[PDB]
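Heads up, the thing below is written out as structure tokens.
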Amino acid sequence: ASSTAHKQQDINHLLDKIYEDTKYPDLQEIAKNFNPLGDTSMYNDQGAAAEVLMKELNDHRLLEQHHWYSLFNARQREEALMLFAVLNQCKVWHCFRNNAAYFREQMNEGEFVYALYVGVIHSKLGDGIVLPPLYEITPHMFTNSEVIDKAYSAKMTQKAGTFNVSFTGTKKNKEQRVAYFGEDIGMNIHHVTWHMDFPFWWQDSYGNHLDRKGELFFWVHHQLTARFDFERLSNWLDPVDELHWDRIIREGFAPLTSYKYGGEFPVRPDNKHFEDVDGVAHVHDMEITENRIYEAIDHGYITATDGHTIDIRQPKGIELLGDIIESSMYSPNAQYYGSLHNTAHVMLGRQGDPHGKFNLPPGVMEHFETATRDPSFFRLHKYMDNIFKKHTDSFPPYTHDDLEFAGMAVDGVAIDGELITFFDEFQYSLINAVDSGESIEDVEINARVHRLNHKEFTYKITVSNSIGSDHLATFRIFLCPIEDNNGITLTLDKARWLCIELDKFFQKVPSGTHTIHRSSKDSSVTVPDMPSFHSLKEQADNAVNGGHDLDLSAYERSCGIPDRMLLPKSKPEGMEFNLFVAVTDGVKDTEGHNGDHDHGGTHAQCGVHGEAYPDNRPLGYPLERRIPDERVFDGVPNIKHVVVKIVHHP
Amino acid sequence: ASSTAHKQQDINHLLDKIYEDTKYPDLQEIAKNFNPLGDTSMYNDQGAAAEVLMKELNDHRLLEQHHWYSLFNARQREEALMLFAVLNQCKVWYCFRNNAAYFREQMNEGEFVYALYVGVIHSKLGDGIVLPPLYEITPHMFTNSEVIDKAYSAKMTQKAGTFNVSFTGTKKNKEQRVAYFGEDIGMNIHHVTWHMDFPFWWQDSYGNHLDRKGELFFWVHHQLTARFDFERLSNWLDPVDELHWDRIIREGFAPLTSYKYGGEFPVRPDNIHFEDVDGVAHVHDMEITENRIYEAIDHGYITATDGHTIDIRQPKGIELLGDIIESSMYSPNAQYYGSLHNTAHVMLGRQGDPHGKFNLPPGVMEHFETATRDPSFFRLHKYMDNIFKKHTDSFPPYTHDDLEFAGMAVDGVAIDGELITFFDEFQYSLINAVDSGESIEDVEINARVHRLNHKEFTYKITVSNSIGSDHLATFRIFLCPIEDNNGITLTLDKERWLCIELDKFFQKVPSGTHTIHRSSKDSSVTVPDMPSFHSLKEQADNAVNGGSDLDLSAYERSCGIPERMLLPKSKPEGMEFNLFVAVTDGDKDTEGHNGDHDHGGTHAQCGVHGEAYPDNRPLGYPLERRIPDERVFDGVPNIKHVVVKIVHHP
Ligand SMILES: *[C@@H]1O[C@H](CO)[C@@H](O)[C@H](O)[C@H]1NC(C)=O
Ligand SMILES: [Cl-]
Ligand SMILES: [Cu+2]
Ligand SMILES: [Cu+2]
Ligand SMILES: [Cu+2]
Ligand SMILES: [Cu+2]
Ligand SMILES: [Mg+2]
Ligand SMILES: [Mg+2]
Ligand SMILES: [Mg+2]
Ligand SMILES: [Mg+2]
Ligand SMILES: [O]
Ligand SMILES: [O]
Ligand SMILES: [O]
Ligand SMILES: [O]
């Protein structure tokens with residue numbers, strides 16, 4: 001009943017053809033006859049959350065079905081979180097399943113999908129379930145309008161087909177050169193799943209604390225920004241500028257994408273000034289909020305609601321800044337510091353209709369599914385990144401004694417295999433996006449996208465352990481630019497904030513000289529492509545129908561940079577980069593988190609499900625402080641960088 | 001085979017399901033086996049137009065099927081006109097039908113529909129045919145995207161339905177108050193049909209001259225502008241401003257409409273400056289063109305290609321100005337005067353993507369089907385109207401002796417019946433917008449729109465004829481504002497350019513005192529709603545089946561203000577207007593024609609099919625010259641105005 005096979009099948013069924021009433025008789029029967037309030041002993045709160053939601057439902061206060069949904073819309077988010085709160089209180093699976101089935105048929109589908117995903121992720125009852133990829137559950141949020149139109153035509157004509165996705169804009173638009181980054185369906189899943197794992201609305205009263213969430217918020221977005229700039233460099237473009245509230249947003253955007261319900265996503269013209277957005281904020285409010293955050297950074301303390309100071313000149317300072325900048329419910333003082341980043345998403349998202357005169361739906365910036373499609377995403381997030389950077393730059397540069405792992409030398413760094421990127425093809429189903437007739441048969445309708453990929457390779461890191469015993473070590477691997485787009489050689493201080501994280505792992509180094517081997521496929525920064533909805537249905541159905549146990553444990557989380565995007569595209573002619581390796585004291589770094597324990601496949605930016613973050617060092621260590629004197633790093637034996645070449649095969 | 005029944009049936013079939021290969025086996029056979037080059041005696045040009053078009057087709061130089069079409073696109077227009085030129089040379093119906101069937105399957109559907117319409121209108125072979133309403137042949141061009149999506153959903157689910165249309169924008173957008181004017185499907189048919197009847201590309205080598213076309217171009221757009229402003233006054237709004245190339249376009253527009261192929265129509269933000277449009281014109285080019293036209297007006301002559309003067313200080317001057325402003329192929333000097341109005345349509349239409357960076361399709365301003373949906377249409381056309389007005393204002397005011405119809409006195413003007421407007425509901429089919437499969441039964445899919453309408457009324461004009469014999473008189477009826485939106489009473493000079501034409505008719509006035517009656521239904525300014533495609537199919541099919549002479553001589557042209565929009569909306573509280581009646585010398589006005597003959601039902605602005613324009617007076621007579629001294633008009637017995645009240649019933 002609560003076996004993995006049945007829970008997976010239940011989730012598959014709940015998410016199937018999400019825009020129509022359920023076609024599964026058992027779910028129909030539950031939605032008709034189950035009473036969320038019939039037996040409140042099924043809830044750890046004795047029904048408090050179910051009472052809240054049922055009262056909103058019965059008073060007709062919930063968003064209707066067949067309507068756009070945005071997580072950044074306060075009331076719509078509150079409604080989705082009402083359902084999450086019910087699911088989160090369920091003691092046993094039948095409560096979770098029955099409430100999901102009941103509210104699927106009552107609530108807006110966007111709210112429902114969101115609540116069910118975060119309910120699965122944050123309830124112990126969801127352990128072992130593999131969530132289908134959102135690009136097959138709500139394909140409109142991941143597929144351009146032209147391809148959706150071809151899917152609608154296939155359905156109108158009752159003919160199967162597979163349709164090729166191209167990028168938006170034209171070759172005249174130089175920004176299209178890097179569309180493969182922000183439009184990649186896996187990169188978008190990475191982004192929404194990170195926020196599902198680490199939601200800004202999280203309150204620890206829901207069950208557990210999300211360790212170092214505010215610092216992970218800084219880090220994951222710093223890495224998105226740095227990775228995008230690496231693609232720009234690969235394509236003869238300059239780095240993104242930062243946004244500013246008093247300066248023009250140079251690069252506009254035409255999504256050429258549509259909601260299933262709500263119309264086409266709005267366009268933003270080139271070279272527009274920010275306008276006040278009715279019901280959201282004035283541009284001036286954003287500037288004041290920014291000023292208040294910088295006041296805290298430059299003071300070295302955050303001001304509490306009663307005026308007392310909260311020291312941020314300590315390792316948790318960056319985390320507390322993440323709390324107040326995002327902002328999350330961990331913010332000590334949202335009345336004063338507001339919500340710079342989340343409000344900025346909405347401010348930018350609404351610039352195509354800032355006063356609501358045109359009845360346009362929210363912009364792509366107002367969904368984590370779609371935000372990175374928009375060039376301005378990266379200008380906004382570089383702007384935010386620079387706020388964090390003023391804090392991280394305020395600390396003293398590391399010294400030799402800070403950085404040295406005594407008796408541990410990196411003798412050599414090499415790669416087995418060529419660093420080669422290419423584009424290949426990937427398919428996903430559009431069936432959930434089309435409308436099914438009563439008693440007419442489905443037909444297969446697929447999208448085919450070109451996605452970046454790379455060949456497998458292996459790091460060979462030769463280390464000498466001259467301590468009298470084997471020692472746990474953390475291997476930290478970054479890719480750093482050597483020259484900018486003007487051919488100017490970068491100093492280490494000018495490169496460090498541009499480096500992208502490639503790996504982090506903990507491994508015992510035996511005494512003597514040994515070469516550590518690490519496969520690119522095992523990176524703690526990346527996760528594989530998601531299994532298809534069809535595959536999850538097939539596996540769950542086969543297990544349930546045969547009475548077999550379903551073991552999906554080999555599947556990884558959906559949070560993490562796609563494996564295929566580990567490396568920047570680079571150029572056909574080749575580009576050289578610095579491969580930076582820091583080997584640090586693993587006993588110190590993992591103290592309290594065990595260096596033998598399993599930390600999963602995505603701990604670098606996505607942490608460890610249900611556990612504390614396993615690396616005590618500041619995110620970005622040892623590159624997160626100013627390095628004005630390269631001699632300091634060059635004198636540390638446990639740090640080494642080497643030149644590598646990446647070639648794109650067109 | 002040349003009977004009206006069969007010709008109508010043939011046209012109905014050619015226009016059915018226009019986005020798909022023809023489903024009529026007889027048209028299929030023609031398209032496969034007919035040779036446009038197979039009998040030059042079919043054509044009045046010995047086959048030349050057919051050779052020209054076949055060479056473009058055989059060289060693969062024609063626009064592909066399933067692609068947007070804009071009449072303002074030079075090459076696409078040239079291709080459509082190549083097919084028009086063939087149809088126009090056919091001597092007999094089978095040539096016309098067979099070429100249309102042949103090229104339907106070879107040419108872009110937008111080009112084909114355009115060419116077939118103008119071919120029917122401008123060939124004697126088209127006499128008696130009633131063209132289906134374009135809003136049922138290409139419903140995307142008349143139906144917002146939300147309703148189209150519901151139609152697509154109805155087809156995907158194989159379920160018939162009727163869906164309600166409910167105007168673009170929000171109530172926060174004051175411009176939405178008057179959306180019922182420019183978005184009315186019949187107003188859009190009026191506009192496209194006027195341009196089909198009087199095309200700017202016309203050359204008299206096609207067979208006949210279009211009498212007074214350049215002046216009718218001024219007048220029909222002056223009346224569109226003046227009618228729109230009457231709706232604004234009815235809705236507590238100020239008049240539209242005029243466009244200026246160096247000033248902001250205040251009112252943006254979100255069409256919320258889509259092409260069948262080509263994507264969503266582009267949005268224009270509020271408060272934008274004009275930008276240069278790559279491949280079209282620089283904004284400065286528009287200013288220079290405007291300056292050159294005003295140079296001609298203020299010189300009193302147009303400058304020919306060799307520099308000699310073309311006098312415009314004469315009644316034809318306004319027509320020659322229309323020729324050079326539109327501009328049409330009647331322009332004596334397009335190298336110098338350019339094409340201000342047509343280029344302006346494209347400049348405005350492309351302001352959502354002026355450099356083509358985002359690959360957006362042409363704007364609503366780039367089709368006569370859609371142009372009036374855009375608020376900026378009326379700002380552009382008031383701007384153009386003011387150019388014409390500098391010319392019309394340059395002439396001396398009329399004198400008593402100019403205006404008096406001696407022995408003819410208007411004793412009284414009254415209306416039988418209250419002047420009442422309201423909104424009612426109107427339905428049209430969306431079937432041609434959806435995709436039909438192979439062997440898939442149609443389901444009925446309709447759109448329902450709310451449209452302005454009014455109650456029937458009758459003019460009672462009491463006239464005393466003391467000439468001594470019966471005399472032909474022209475009755476000219478205008479509706480004029482009494483006060484502006486600020487409650488300021490307008491002088492006659494300030495009213496005259498705001499007056500809207502309600503009627504013009506020729507009638508013998510007997511000796512003595514008599515009351516002329518004229519039904520609102522018989523206005524020469526208006527035409528009824530088009531018969532539906534379904535009704536035309538039924539009537540053609542019923543006539544063909546059973547050997548019954550189809551005669552549709554009961555229907556009118558599609559050029560003309562819709563009868564339902566004869567009156568401005570007005571207010572629920574009522575508004576008072578001046579009803580202005582000028583009775584003028586019908587002998588003088590129709591000299592060189594036939595005054596008491598059938599002029600059709602739409603001669604005021606749409607002329608008479610295949611005949612000279614029946615009224616020799618300047619368009620707008622007697623209101624088209626300055627009236628600085630109202631005493632002149634008050635002293636003329638054959639002019640009278642009276643106050644009438646129009647009430648809106650909500
Ligand atoms: C559409 O309009 C008709 C008549 O105005 C009405 O009866 C019907 O309920 C409307 N449908 C919707 C969905 O509003
Ligand atoms: Cl009488
Ligand atoms: Cu994010
Ligand atoms: Cu963000
Ligand atoms: Cu026009
Ligand atoms: Cu025009
Ligand atoms: Mg991994
Ligand atoms: Mg050193
Ligand atoms: Mg075809
Ligand atoms: Mg020009
Ligand atoms: O984000
Ligand atoms: O975010
Ligand atoms: O127009
Ligand atoms: O026009």
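Residues in the structure tokens are named by chain (A, B, ... in the order shown) and by number from 1 within that chain; ligands are numbered from 1 in the order shown.
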Determine which residues of segment 11-178 of chain B receive a DSSP assignment of helix (DSSP H, G or I), computed from the backbone, and state them as a PyMOL selection string. chain B and resi 11-15+25-33+40-42+48-58+74-89+93-104+109-122+124-126+134-137+139-142+145-156+174-178
Surroundings of ligand 1 up to 8 Å, based on only C-alpha atoms and all ligand atoms, as a list in words: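 The neighbouring residues of ligand 1 are, in order, residues 162, 163, 164, 425 and 448 of chain B.
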Interatomic distance (Å, one decimal) between atom CA of residue 83 of chain A and atom CA of residue 47 of chain A: 12.3 Å
Restrict the distance test to only C-alpha atoms, flag each residue of chain A within 6 Å of chain B, and return the flagged residues as a PDB file with N, CA, C and O atoms, in the first residue's frame.
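Result written to selection-v6.pdb:
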```pdb
ATOM      1  N   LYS A 155      -2.628  16.903 -32.463  1.00  0.00           N
ATOM      2  CA  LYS A 155      -3.766  16.380 -31.714  1.00  0.00           C
ATOM      3  C   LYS A 155      -5.077  16.639 -32.449  1.00  0.00           C
ATOM      4  O   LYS A 155      -5.939  15.754 -32.519  1.00  0.00           O
ATOM      5  N   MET A 156      -5.241  17.842 -33.012  1.00  0.00           N
ATOM      6  CA  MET A 156      -6.432  18.134 -33.808  1.00  0.00           C
ATOM      7  C   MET A 156      -6.591  17.151 -34.961  1.00  0.00           C
ATOM      8  O   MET A 156      -7.717  16.766 -35.305  1.00  0.00           O
ATOM      9  N   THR A 157      -5.480  16.750 -35.583  1.00  0.00           N
ATOM     10  CA  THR A 157      -5.537  15.864 -36.740  1.00  0.00           C
ATOM     11  C   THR A 157      -5.381  14.400 -36.364  1.00  0.00           C
ATOM     12  O   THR A 157      -5.342  13.550 -37.261  1.00  0.00           O
ATOM     13  N   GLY A 169      14.352  34.112 -31.268  1.00  0.00           N
ATOM     14  CA  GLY A 169      15.074  35.178 -31.931  1.00  0.00           C
ATOM     15  C   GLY A 169      15.611  34.732 -33.286  1.00  0.00           C
ATOM     16  O   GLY A 169      15.179  33.735 -33.872  1.00  0.00           O
ATOM     17  N   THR A 170      16.578  35.502 -33.781  1.00  0.00           N
ATOM     18  CA  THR A 170      17.233  35.230 -35.051  1.00  0.00           C
ATOM     19  C   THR A 170      18.743  35.304 -34.868  1.00  0.00           C
ATOM     20  O   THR A 170      19.243  35.678 -33.806  1.00  0.00           O
ATOM     21  N   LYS A 172      20.530  37.455 -36.121  1.00  0.00           N
ATOM     22  CA  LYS A 172      20.851  38.858 -35.898  1.00  0.00           C
ATOM     23  C   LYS A 172      20.941  39.185 -34.415  1.00  0.00           C
ATOM     24  O   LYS A 172      21.555  40.192 -34.047  1.00  0.00           O
ATOM     25  N   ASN A 173      20.347  38.353 -33.560  1.00  0.00           N
ATOM     26  CA  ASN A 173      20.372  38.576 -32.119  1.00  0.00           C
ATOM     27  C   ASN A 173      21.549  37.795 -31.550  1.00  0.00           C
ATOM     28  O   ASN A 173      21.499  36.567 -31.467  1.00  0.00           O
ATOM     29  N   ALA A 254      12.178  38.256 -26.242  1.00  0.00           N
ATOM     30  CA  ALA A 254      10.900  37.734 -26.713  1.00  0.00           C
ATOM     31  C   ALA A 254      10.861  36.243 -26.432  1.00  0.00           C
ATOM     32  O   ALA A 254      11.542  35.468 -27.126  1.00  0.00           O
ATOM     33  N   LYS A 357      -2.093  47.465 -17.589  1.00  0.00           N
ATOM     34  CA  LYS A 357      -3.066  47.985 -18.546  1.00  0.00           C
ATOM     35  C   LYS A 357      -3.415  46.983 -19.634  1.00  0.00           C
ATOM     36  O   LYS A 357      -4.487  47.082 -20.237  1.00  0.00           O
ATOM     37  N   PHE A 358      -2.528  46.043 -19.926  1.00  0.00           N
ATOM     38  CA  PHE A 358      -2.680  45.213 -21.109  1.00  0.00           C
ATOM     39  C   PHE A 358      -3.155  43.804 -20.802  1.00  0.00           C
ATOM     40  O   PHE A 358      -3.305  43.006 -21.731  1.00  0.00           O
ATOM     41  N   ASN A 359      -3.403  43.487 -19.533  1.00  0.00           N
ATOM     42  CA  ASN A 359      -3.880  42.166 -19.138  1.00  0.00           C
ATOM     43  C   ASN A 359      -2.872  41.078 -19.500  1.00  0.00           C
ATOM     44  O   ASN A 359      -3.253  39.954 -19.826  1.00  0.00           O
ATOM     45  N   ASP A 435      -4.991  18.364 -25.364  1.00  0.00           N
ATOM     46  CA  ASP A 435      -6.285  18.064 -24.765  1.00  0.00           C
ATOM     47  C   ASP A 435      -6.805  16.736 -25.293  1.00  0.00           C
ATOM     48  O   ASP A 435      -6.866  16.522 -26.509  1.00  0.00           O
ATOM     49  N   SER A 436      -7.171  15.846 -24.373  1.00  0.00           N
ATOM     50  CA  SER A 436      -7.610  14.507 -24.733  1.00  0.00           C
ATOM     51  C   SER A 436      -9.127  14.460 -24.842  1.00  0.00           C
ATOM     52  O   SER A 436      -9.846  14.995 -23.990  1.00  0.00           O
ATOM     53  N   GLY A 437      -9.602  13.816 -25.901  1.00  0.00           N
ATOM     54  CA  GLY A 437     -11.020  13.667 -26.090  1.00  0.00           C
ATOM     55  C   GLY A 437     -11.590  12.557 -25.227  1.00  0.00           C
ATOM     56  O   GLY A 437     -10.905  11.612 -24.835  1.00  0.00           O
TER      57      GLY A 437
END
```
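With only C-alpha atoms and all ligand atoms as the atoms that count, the residue of B:75, B:308, B:367, B:140 with the shortest distance to ligand 6 is B:367.
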All residues within 7 Å of ligand 7 are required, counting only C-alpha atoms and all ligand atoms; please report them as a PyMOL selection string. chain A and resi 521-527+601-602
Quote the spacing between atom CA of residue 416 of chain A and atom CA of residue 517 of chain A in Å to one decimal place.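 Going from atom CA of residue 416 of chain A over to atom CA of residue 517 of chain A, I get 9.3 Å.
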Protein and nucleic acid residues within 8 Å of ligand 9 (only C-alpha atoms and all ligand atoms) as an mmCIF file with N, CA, C and O atoms, in the first residue's frame:
```cif
data_model
loop_
_atom_site.group_PDB
_atom_site.id
_atom_site.type_symbol
_atom_site.label_atom_id
_atom_site.label_comp_id
_atom_site.auth_asym_id
_atom_site.auth_seq_id
_atom_site.Cartn_x
_atom_site.Cartn_y
_atom_site.Cartn_z
ATOM 1 N N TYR B 19 -6.447 26.590 -45.154
ATOM 2 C CA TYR B 19 -5.089 26.217 -44.785
ATOM 3 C C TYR B 19 -4.745 24.792 -45.184
ATOM 4 O O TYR B 19 -3.621 24.348 -44.934
ATOM 5 N N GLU B 20 -5.673 24.066 -45.793
ATOM 6 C CA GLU B 20 -5.424 22.686 -46.170
ATOM 7 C C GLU B 20 -5.649 22.512 -47.662
ATOM 8 O O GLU B 20 -6.379 23.290 -48.284
ATOM 9 N N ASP B 21 -4.991 21.503 -48.235
ATOM 10 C CA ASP B 21 -5.255 21.133 -49.624
ATOM 11 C C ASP B 21 -6.755 20.966 -49.833
ATOM 12 O O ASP B 21 -7.479 20.542 -48.927
ATOM 13 N N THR B 22 -7.234 21.306 -51.035
ATOM 14 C CA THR B 22 -8.676 21.330 -51.253
ATOM 15 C C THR B 22 -9.272 19.945 -51.053
ATOM 16 O O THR B 22 -8.693 18.933 -51.460
ATOM 17 N N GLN B 65 3.517 28.052 -48.710
ATOM 18 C CA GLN B 65 2.280 27.928 -47.956
ATOM 19 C C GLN B 65 2.570 27.833 -46.457
ATOM 20 O O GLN B 65 3.680 27.509 -46.030
ATOM 21 N N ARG B 104 -4.494 27.953 -56.028
ATOM 22 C CA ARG B 104 -4.792 27.698 -54.617
ATOM 23 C C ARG B 104 -3.843 26.665 -54.042
ATOM 24 O O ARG B 104 -3.389 26.789 -52.901
ATOM 25 N N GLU B 105 -3.534 25.632 -54.818
ATOM 26 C CA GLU B 105 -2.701 24.550 -54.330
ATOM 27 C C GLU B 105 -1.207 24.824 -54.476
ATOM 28 O O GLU B 105 -0.401 24.062 -53.934
ATOM 29 N N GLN B 106 -0.823 25.905 -55.154
ATOM 30 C CA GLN B 106 0.577 26.238 -55.384
ATOM 31 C C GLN B 106 1.069 27.425 -54.574
ATOM 32 O O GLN B 106 2.269 27.518 -54.317
#
```
